[PDB]
Amino acid sequence: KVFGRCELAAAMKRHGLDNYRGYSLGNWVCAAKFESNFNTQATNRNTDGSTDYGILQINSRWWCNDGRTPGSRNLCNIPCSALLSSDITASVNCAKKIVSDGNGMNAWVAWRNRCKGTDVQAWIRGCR
Ligand SMILES: C[C@@H](O)CN1CCN(CC(=O)O)CCN(CC(=O)O)CCN(CC(=O)O)CC1
Ligand SMILES: C[C@@H](O)CN1CCN(CC(=O)O)CCN(CC(=O)O)CCN(CC(=O)O)CC1
Ligand SMILES: [Cl-]
Ligand SMILES: [Cl-]
Ligand SMILES: [Cl-]
Ligand SMILES: [Gd]
Ligand code: NA
């Protein structure tokens, strides 16, 4: 599923992501735009052999199981495929664990280089 901007803000806000660990709702919609282009089915191979999955591109090195990343962890206890669903529940619960772990939203390289220090509230402007 490719989400519209307002539609993704209303789903993230219903799943409790708004000001989660102090990060406003515009930071999460901003990240999703530059990680996946709002597309739940997005995948990218990394050079160490791990893969990023879904609307927030969550890494198979630590967070989920794809059966092809040797001696990796599955700390969200999910298959990688669960993070490709039109239902973003799996992805949101998985991102709450990651952003709680010491480094905050710096875990997302596109957040760090394209959303940190900008007008992030612009990403939810106009939505009800
Ligand atoms: C709502 C309109 O913006 C729709 N829109 C009209 C055309 N726009 C004109 C403009 O954006 O003022 C120029 C192209 N646009 C550039 C950009 O968005 O920054 C990329 C495509 N957009 C993506 C989007 O906006 O979600 C969809 C089409
Ligand atoms: C031509 C305009 O599209 C200029 N536009 C500024 C105003 N936009 C326009 C809008 O989408 O209504 C609203 C804010 N916008 C939200 C979003 O688009 O997703 C993020 C910033 N954008 C990034 C981008 O386009 O990729 C900068 C370019
Ligand atoms: Cl915001
Ligand atoms: Cl594996
Ligand atoms: Cl923080
Ligand atoms: Gd824009
Ligand atoms: Na894994």
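Structural notes, computed from the coordinates.

1. Details of the site of ligand 2
Consideration 1: What surrounds ligand 2 is the set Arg5, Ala122 and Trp123.
Consideration 2: Its free accessible area being 530 Å², ligand 2 has 32% of it covered by the protein chains.

2. A word on the side chain of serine 91
Consideration 1: Secondary-structure assignment places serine 91 in helix α3 (residues 89-99).
Consideration 2: When sequence neighbours within four positions are dropped, the list of residues in contact with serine 91 reads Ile55, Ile58 and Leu83.

3. Remarks on helix α1 (residues 5-14)
Consideration 1: What α1 keeps buried is the set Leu8, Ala9, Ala11 and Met12. Along the long axis of α1, the arc covered by the buried residues comes to 165 degrees, so they all point the same way.
Consideration 2: Contacts made by the buried residues of α1 are with α2 (25-36).

4. Observations concerning α3
Quick reminder: α-helices carry 3.6 residues per turn. Residues three or four places apart thus point the same way.
Consideration 1: Inspection of α3 places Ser91, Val92, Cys94, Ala95, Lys96, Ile98 and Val99 among the buried residues, and these make up the whole buried set.
Consideration 2: In the core, the buried residues of α3 are packed alongside α2 and β3 (58-59).

5. With respect to the packing of aromatic side chains
Consideration 1: Counted under the stated rule, the structure contains four aromatic pairs.
Consideration 2: Each ring, one from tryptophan 28 and one from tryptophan 108, has its centre 5.7 Å from the other, and the planes form 75 degrees; the classification is edge-to-face. Of the two residues, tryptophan 28 sits in helix α2 while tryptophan 108 sits in the loop between α3 and α4 (109-114), which places them 80 residues apart along the sequence. Exposure class is identical for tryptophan 28 and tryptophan 108. Each is buried.
Consideration 3: Pairing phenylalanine 34 with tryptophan 123 gives two aromatic rings, centres 5.4 Å apart and planes at 80 degrees, and the pair type is edge-to-face. Residue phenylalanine 34 is located in helix α2, and its partner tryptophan 123 is located in the segment after α4; the two are separated by 89 residues in the primary sequence.
Consideration 4: Note on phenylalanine 34: relative accessible area 27%, which makes it partly exposed.
Consideration 5: Its guanidinium or amino end placed over the ring of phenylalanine 38, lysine 33 lies 5.5 Å from that ring's centre, counting from NZ or CZ.
Consideration 6: Above the ring of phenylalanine 34, the side-chain terminus of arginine 114 is found at 3.9 Å from the ring centroid.

6. Quick look at the coordination of the sodium ion (ligand 7)
Consideration 1: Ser60 (O), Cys64 (O), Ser72 (OG) and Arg73 (O) make up the full set of protein donors to the sodium ion (ligand 7), lying at 2.5 to 2.8 Å.
Consideration 2: Counting along the primary sequence, the residues that act as donors to the sodium ion (ligand 7) give the motif S-x3-C-x7-S-R.
Consideration 3: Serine 72 gets classed as partly exposed once you look at its relative accessible area, which sits at 25%.

7. Observations regarding the nonpolar core
Consideration 1: Counting 36 residues, the largest nonpolar core has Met12, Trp28, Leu56 and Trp108 as the members making the most contacts within it.
Consideration 2: For this core, the elements supplying multiple residues, two or more each, are α1, α2 and α3.
Consideration 3: Looking at this core element by element, the count peaks at six residues for α2.
Consideration 4: Once residues within four sequence positions are removed from consideration, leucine 56 is found in contact with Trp28, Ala31, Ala32, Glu35, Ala95 and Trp108.

The rules behind these values
Throughout, a per-chain count from 1 in the order the sequence is written supplies the residue numbers; the entry may number residues differently, and those without coordinates are omitted. Key to labels: chains lettered from A, ligands numbered from 1, both in the order written. Working from all heavy atoms in the structure, the side-chain values ignore hydrogens and water. Here a residue is near a molecule or strand as soon as one of its heavy atoms is found within 4 Å of it. Here the accessible surface of atoms and residues is derived via Shrake-Rupley with a 1.4 Å probe, and residues count as covered only by protein chains that are part of the display. The numbering of helices and of strands both runs from the N terminus, where a helix is a DSSP run of H or I of at least 4 residues and a strand a run of E of at least 2. Whether two residues are in contact is decided by their heavy atoms: any pair within 4.5 Å suffices. Summary of the burial criterion: residues with accessible area below 20% of their type's maximum are buried, those above 50% are exposed, and those between are partly exposed, where the area comes from a 1.4 Å probe applied to protein chains only. In this description, one arc is meant: the one made by directions from the helix axis to the C-beta atoms. The aromatic pairing rule takes the rings of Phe, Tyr and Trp, using the six-membered ring of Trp, and pairs them if the centres are within 6.5 Å, calling planes under 30 degrees apart stacked, those over 60 edge-to-face and the rest tilted. Placement of a charge over a ring requires the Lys NZ or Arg CZ to be within 6 Å of the ring centre, with the centre-to-atom vector within 35 degrees of the ring normal. Nitrogen, oxygen and sulfur within 2.8 Å of a metal are treated as its donors, or within 3.2 Å for sodium, potassium and calcium (Na, K, Ca); water is not counted, so a site can appear incomplete. Throughout, nonpolar core names a set of buried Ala, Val, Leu, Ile, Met, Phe, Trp, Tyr and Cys residues whose side chains join them through atoms within 4.5 Å.

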